[PDB]
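The structure appears below as structure tokens.
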Amino acid sequence: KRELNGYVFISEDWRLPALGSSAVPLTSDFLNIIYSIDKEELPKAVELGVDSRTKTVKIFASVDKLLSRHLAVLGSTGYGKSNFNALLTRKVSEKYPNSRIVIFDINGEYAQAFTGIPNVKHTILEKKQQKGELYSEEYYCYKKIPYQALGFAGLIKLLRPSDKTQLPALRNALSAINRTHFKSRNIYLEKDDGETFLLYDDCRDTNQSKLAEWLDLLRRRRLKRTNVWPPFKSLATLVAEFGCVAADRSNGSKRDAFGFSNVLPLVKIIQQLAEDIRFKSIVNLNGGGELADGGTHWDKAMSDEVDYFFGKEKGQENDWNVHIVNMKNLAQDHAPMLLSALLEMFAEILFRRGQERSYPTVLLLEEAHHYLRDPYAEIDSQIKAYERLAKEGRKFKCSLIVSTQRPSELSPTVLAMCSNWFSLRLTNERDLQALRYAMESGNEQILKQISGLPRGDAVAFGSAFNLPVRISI
Amino acid sequence: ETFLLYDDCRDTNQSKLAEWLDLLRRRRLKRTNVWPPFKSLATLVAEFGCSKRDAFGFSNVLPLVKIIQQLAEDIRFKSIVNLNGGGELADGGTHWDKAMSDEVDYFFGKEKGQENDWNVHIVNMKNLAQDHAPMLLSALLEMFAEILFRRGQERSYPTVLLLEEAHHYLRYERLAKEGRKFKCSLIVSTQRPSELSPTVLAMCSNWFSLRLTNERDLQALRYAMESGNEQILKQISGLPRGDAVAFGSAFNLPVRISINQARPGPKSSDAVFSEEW
């Protein structure tokens with residue numbers, strides 16, 4: 103209808119046309135009027151593309167409500183999905199140079215087209240340029256992660272003890288890591304008064320009538336602290352030591368073969384995992400760190416790495432705006448177990464940070480089905496972690512962008528939290544059926560159209576768009 | 306005389322534990338007056354699961378002790394529920410009864426015939442994680458039902474209960502079937518009616534349906550409707566904002582009305598990522 107100011111469109115379907123009325127099609131001006139957006143969204147809008155039917159009208163979307171909730175992109179990789187993601191990220195970056203975006207890459211394609219943007223870094227798993244300088248190739252730094260961040264629960268999960276009394280032995284061993292004195296091959300210390308404490312390396316029966324009280328005073332925690340982080344082999348020796356000793360009734364010792372028989376799988380798996388090339392190249396197992404007093408050392412060993420990957424809080428200056436994490440030298444076996452461990456820690460840090468200080472964040476995880484779902488197990492531990500991360504993501508300032516190619520393999524609960532959908536061509540039936548089951552703002556016509564979309568054509572529907580439309584880009 | 310207990314299957318003082326457990330089961334020991342810490346269950350299970366503590370029967374109870382010790386040091390879980398104890402214990406066998414009754418009386422009001430203070434209660438749970446809401450909320454509802462049964466018909470008081478976003482934890498069902506008998510009412514709010522059990526939608530007598538779009542959700546509504554026709558279900562697929570269709574025992578004929586605005590409204594706080602950039 104025409105008002106004193108201009109043309110306004112109203113969404114209601116309770117009025118019907120009169121009998122005998124003539125019908126005419128619509129021109130470019132009417133499409134412009136219909137597909138427009140409110141005036142208050144003009145400063146917050148971004149160009150996205152043009153419709154594939156008429157190629158005459160430009161369609162804009164409010165960033166605030168597009169990224170306030172979660173977002174998901176579905177399609178086939180290599181047919182324009184990567185181009186769409188790169189274009190969306192690049193267009194987001196240009197409007198606000200002071201925006202923070204983190205990208206978890208799988209193959210080295212997303213870093214190629216991001217050149218010419220201030221505050222761009224790289225990571226593969237030296238020379239640093241000044242602030243404001245653009246980005247070119249051959250400016251890639253190197254880094255890796257040590258095992259101090261995995262934590263008590265992380266080591267428990269990786270070792271997966273599932274027999275006998277292995278669990279209590281591991282708990283006792285891991286409770287005595289801050290008080291392990293290590294040298295080239297000698298683990299011993301003299302006392303302050305003058306008494307000398309010694310340990311042996313041979314696995315033989317020697318003066319074990321006092322080894323029980325040695326471990327007793329170790330558990331009592333009245334022994335000297337340490338200032339260097341012990342190497343990875345320390346836990347193997349510690350777990351081997353426990354369970355082979357016993358307390359005799361009077362002046363004796365016992366070498367129980369059953370205890371060593373029960374313990375041997377742990378040392379076997381530890382030594383098998385220690386010797387590796389595809390794994391040993393990511394985990395810094397050497398140790399040689401620095402400790403802290405007070406007994407609270409676990410928190411910082413994770414906080415520092417969370418800060419390194421994702422940045423600092425408000426009020427503390429940061430130098431990077433876009434941080435692509437390019438990973439290629441990771442075997443397909445260890446990806447779901449290592450990558451999924453990087454998100455629970457981020458969720459915990461987000462909880463600890465609180466509402467008082469927080470910074471807007473955009474995350475662009477790619478190939479979700481590779482690490483969100485373990486392909487050689489049925490345990491849904493990753494499901495709980497992901498859903499807790501998503502739940503905390505809306506309470507605080509965070510937003511995810513899921514990007515997969517085989518929607519059937521994804522858990523059906525994953526698509527529940529998303530609010531907007533971008534879809535490409537799909538050449539299967541199971542993926543379409545999965546899409547229809549767990550979607551919102553549906554329409555049968557677009558669902559039929561998406562079966563035979565050509566190259567470069569995508570559909571969009573959600574809370575941001577008032578009327579679903581197909582765009583070309 | 307005192308005897309100690311450990312966890313790591315220690316081969317220490319394995320001579321007289323059998324008579325200790327025999328006397329414990331025979332109920333001839335001394336009773337305490339303080340609540341033990343929650344972590345003691347791990348040691349109790351370790352002791353009861355094995364004149365020598367064999368390691369073959371211990372393997373049969375590994376998952377239970379593992380889970381109970383895993384939940385012990387989880388920071389999120391212990392921020393909502395107490396795990397320290399230290400309370401008064403009465404004399405007899407009614408110690409659980411008061412422990413449930415006092416908390417239930419605190420939460421869901423007091424018994425009729427006694428003075429009360431509040432008339433409207435708002436329970437705010439934003440710090441509770443989504444991985445733990447079902448268990449705690451279902452436990453609270455079960456406690457409420459169990460306390461309701463033994464209070465009696467003549468001692469009950471009317472109560473209206475609102476349950477927002479109810480499909481997570483209503484998915497045991499004593500409340501929905503005894504609410505009428507024990508003078509209690511429920512209001513259900515859910516944006517996905519399919520997840521709700523098919524037997525809970527039948528007891529409702531009035532319906533206030535806003536706009537729905539998914540095809541599966543609308544089919545579940547047709548299955549359990551009892552006071553409506555197919556002529557009005559077509560309007561739901563295109564209802565504008567603020568409009569609703571109502572039908573039930575309180576309406577002579579189905580109607581399509583536009584709801585008013587409440588002043589003051591609720592806190593619709595929404596995060597803005599453009600002002601801070």
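Chains as they are written, first to last, in PDB author numbering: chain R, 103 to 227, 237 to 584; chain Q, 306 to 355, 364 to 484, 497 to 602.
We put the CB at the ideal spot given by N, CA and C, even for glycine.
Residues, ordered as in the chain, of the stretch 133-163 of chain R that lie near chain Q by beta-carbon distance below 9 Å: Correct list: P145, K146.
Does any CB atom of chain R fall closer than 8 Å to the CB of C314 of chain Q? For the purposes of this step, residue 314 of chain Q is taken as residue 9 along the second sequence, with counting starting at 1. With respect to chain R, the C-beta atom of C314 of chain Q has a partner C-beta closer than 8 Å.
So the beta strand (DSSP E) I512 of chain R belongs to, where does it begin and stop? As a working mapping, residue 512 of chain R is identified with position 401 in the first sequence. Element bounds for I512 of chain R: 512-515.
Using a Cβ-Cβ cut-off of 8 Å, state whether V350 of chain Q counts as contacting chain R. Locating residue 350 of chain Q in the second sequence gives position 45, where the first residue counts as 1. The beta-carbon of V350 of chain Q is placed no less than 8 Å from the nearest beta-carbon of chain R.
Using only alpha-carbon positions, find the residue among R:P376, R:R463, R:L441 that is nearest to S414 of chain R. The residue given as residue 414 of chain R occupies position 303 in the first sequence. Of all alpha-carbon atoms in R:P376, R:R463, R:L441, the one lying nearest the alpha-carbon of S414 of chain R is that of R:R463.
With 8 Å as the threshold, decide whether the Cβ of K379 of chain Q is near any Cβ in chain R. Counted from its first residue, the second sequence places residue 379 of chain Q at position 66. With its beta carbon less than 8 Å from one in chain R, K379 of chain Q belongs to the interface.
Residues within the stretch 355-386 of chain R neighbouring chain Q, beta-carbon criterion of under 8 Å: Listed in sequence order: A357, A358, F369, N373.
For a test of the three-state rule: what should DSSP assign to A174 of chain R, helix, strand or coil? Taking the first sequence and counting its residues from 1, the one referred to as residue 174 of chain R is at position 72. In the structure shown, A174 of chain R sits in a strand (DSSP, three-state: E or B).
Own chain, CB closer than 7 Å to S534 of chain R, minus 5 neighbours either side, in chain order: Looking up residue 534 of chain R in the first sequence gives position 423. For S534 of chain R, where only same-chain residues beyond five positions count, the Cβ hits under 7 Å are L176, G177, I561, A569, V570.
I'd like the list of long-range same chain contacts for residue 229 of chain R, defined as Cβ closer than 8 Å, with 5 residues on each side in sequence excluded. Missing here is residue 229 of chain R; chain R as given proceeds from 227 to 237 without the residues in between.
Taking a contact to mean a Cβ-Cβ separation below 8 Å, would you say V394 of chain R touches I226 of chain R in this structure? Within the first sequence, numbered from 1, the residue matching residue 394 of chain R stands at position 283. Within the first sequence, numbered from 1, the residue matching residue 226 of chain R stands at position 124. Going by C-beta atoms, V394 of chain R is not nearer than 8 Å to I226 of chain R.
Start and end residues, beta strand (DSSP E) containing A163 of chain R: Taking the first sequence and counting its residues from 1, the one referred to as residue 163 of chain R is at position 61. First-last of the beta strand (DSSP E) with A163 of chain R: 160-164.
Do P471 of chain R and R202 of chain R have their beta-carbon atoms positioned less than 8 Å apart in this structure? Counted from its first residue, the first sequence places residue 202 of chain R at position 100. Counted from its first residue, the first sequence places residue 471 of chain R at position 360. Cβ atoms of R202 of chain R and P471 of chain R: closer than 8 Å.
Confirm, please, whether the CB-CB distance from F206 of chain R to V436 of chain R is below 8 Å. For the purposes of this step, residue 436 of chain R is taken as residue 325 along the first sequence, with counting starting at 1. For the purposes of this step, residue 206 of chain R is taken as residue 104 along the first sequence, with counting starting at 1. Yes. Within cutoff.
Residue interval of the alpha helix (DSSP H) (run including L546 of chain Q): Position 221 of the second sequence, counted from the start, is the residue given in the question as residue 546 of chain Q. Residues 540-549.
Taking buried to mean at least 16 other C-beta atoms within 10 Å of its own C-beta, is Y212 of chain R buried or exposed? In the first sequence, counting from the first residue as 1, residue 212 of chain R sits at position 110. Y212 of chain R counts as buried, since at least 16 other C-beta atoms from the protein chains shown sit within 10 angstroms of its C-beta.
Rounded C-alpha distance that separates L461 of chain R from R484 of chain R: For the purposes of this step, residue 461 of chain R is taken as residue 350 along the first sequence, with counting starting at 1. For the purposes of this step, residue 484 of chain R is taken as residue 373 along the first sequence, with counting starting at 1. Rounded to whole angstroms, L461 of chain R to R484 of chain R spans 23 Å at the Cα level.
Taking Cβ positions only, does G265 of chain R come closer than 8 Å to chain Q? The residue labelled residue 265 of chain R in the question sits at position 154 within the first sequence. Not a single CB atom of chain Q sits nearer than 8 Å to the CB of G265 of chain R.
At least one CB of chain Q closer than 8 Å to the CB of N200 of chain R: is that the case? Here the question's residue 200 of chain R lines up with position 98 in the first sequence. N200 of chain R belongs to the set of residues whose beta carbon lies under 8 Å from a beta carbon in chain Q.
Give a yes or no on whether the minimum CB-CB distance between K495 of chain R and chain Q is below 8 Å. Counting from one through the first sequence, the residue named residue 495 of chain R turns up at place 384. Cβ-Cβ to chain Q under 8 Å: yes for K495 of chain R.
Hey, how far is the Cα of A446 of chain R from the Cα of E324 of chain R? What you label residue 446 of chain R is simply residue 335 of the first sequence in a count that begins at 1. What you label residue 324 of chain R is simply residue 213 of the first sequence in a count that begins at 1. One C-alpha to the other measures close to 43 Å.
Which two residues bound the contiguous beta strand (DSSP E) that contains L309 of chain Q? The residue you call residue 309 of chain Q lines up with position 4 of the second sequence. Element bounds for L309 of chain Q: n/a, residue is neither H nor E.
Does any CB atom of chain R fall closer than 8 Å to the CB of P591 of chain Q? As a position in the second sequence, residue 591 of chain Q is number 266, starting the count at 1. No - not a single Cβ of chain R is within 8 Å of the one on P591 of chain Q.
Could you check whether the Cβ of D274 of chain R sits closer than 8 Å to any Cβ belonging to chain Q? Walking along the first sequence from the start, residue 274 of chain R turns up at place 163. It does: the Cβ of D274 of chain R has a partner Cβ on chain Q nearer than 8 Å.
Where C252 of chain R falls, given that 16 or more other Cβ within 10 Å makes a residue buried: Position 141 of the first sequence, counted from the first residue, corresponds to residue 252 of chain R. Classification for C252 of chain R: exposed.
Tell me which residues share the same chain as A188 of chain R and place their Cβ nearer than 7 Å to its Cβ, disregarding the 5 neighbours each side in the sequence. Taking the first sequence and counting its residues from 1, the one referred to as residue 188 of chain R is at position 86. The residues are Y212, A215.
List the whole-angstrom C-beta distance separating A575 of chain R from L168 of chain R, where the pair is believed to meet the contact cut-off of C-beta under 8 Å. Position 464 of the first sequence, counted from the first residue, corresponds to residue 575 of chain R. Position 66 of the first sequence, counted from the first residue, corresponds to residue 168 of chain R. At roughly 5 Å, the Cβ-Cβ gap stays under 8 Å, so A575 of chain R and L168 of chain R are in contact.
Selected residue, minimal CA-CA separation from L450 of chain Q, among Q:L476, Q:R547, Q:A596, Q:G354: Locating residue 450 of chain Q in the second sequence gives position 137, where the first residue counts as 1. With distances taken between Cα atoms, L450 of chain Q lies closest to Q:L476.
Count the other CB atoms within 10 Å of the CB of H434 of chain Q; is the residue buried (16 or more) or exposed (fewer)? Translated into positions along the second sequence, residue 434 of chain Q becomes position 121. Flag for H434 of chain Q reads exposed.
Residues of chain B with CB closer than 7 Å to the CB of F421 of chain Q, please, in chain order. Considering every chain present, this structure includes no chain B. Its protein chains are R and Q.
DSSP state of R581 of chain Q mapped onto helix, strand, coil: The residue you call residue 581 of chain Q lines up with position 256 of the second sequence. Strand, per DSSP.
Environment of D542 of chain R [buried if 16+ CB atoms lie within 10 Å]: Taking the first residue of the first sequence as 1, we reach residue 542 of chain R at position 431. By the neighbour-count criterion, in which 16 or more other beta carbons inside 10 Å mark a residue as buried, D542 of chain R falls on the buried side.
Quick one: which chain Q residues come within Cβ less than 7 Å of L169 of chain R? The count along the first sequence starts at 1 and reaches residue 169 of chain R at position 67. In chain order: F598.
Run through DSSP, which three-state label would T524 of chain R get? Here the question's residue 524 of chain R lines up with position 413 in the first sequence. Here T524 of chain R sits in coil by DSSP.
For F369 of chain Q, count neighbouring Cβ atoms within 10 angstroms of its own Cβ and tell me buried if that reaches 16, exposed if not. Taking the second sequence and counting its residues from 1, one reaches residue 369 of chain Q at position 56. Per the 10 Å Cβ criterion, exposed.
Buried or exposed (CB count within 10 angstroms, at least 16 for buried), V473 of chain R: Here residue 473 of chain R refers to the residue found at position 362 when the first sequence is read from its first residue. Buried, by the Cβ-count rule.
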